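Below is one structure; the comments refer to it alone.
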Amino acid sequence: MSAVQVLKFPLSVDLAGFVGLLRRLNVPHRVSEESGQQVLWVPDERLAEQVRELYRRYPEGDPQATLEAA
């Protein structure tokens, strides 16, 4: 329910850029450390792509803040 593994915030890197990125957006997600990355689940299936791939550049790359700085 509203938890599809699609997004992850590399627990092994300076994820503050990405985990921060969507945590900056509204941080409405599930964080769970899967296999070796902290992982973020808030899509569906079609939403999956919209969730990480657009939150990283459109929703957050909005007139709000980020853009080409992902």
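Residues in the sequence shown are numbered from 51 upward in steps of one, following the working numbering. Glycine is no exception: its CB is placed at the ideal position from the N, C-alpha and C atoms.
Counting along the chain, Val56 sits inside the beta strand (DSSP E) bounded by residues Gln55 to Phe59.
Residue environment for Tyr108: exposed (fewer than 16 other C-beta atoms within 10 angstroms of its C-beta). Partner residues in the beta bridge of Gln87, as assigned by DSSP, are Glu84. Burial check for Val77: the Cβ neighbour count within 10 Å stays below 16, so the residue is exposed.
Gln88 and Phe59 do touch by the CB rule: their CB atoms are close to 5 Å apart, below 8 Å. The three-state reading of DSSP puts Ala115 in coil, since its state is none of H, G, I, E or B. Put simply, the backbone Cα of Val92 is about 9 Å away from that of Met51.
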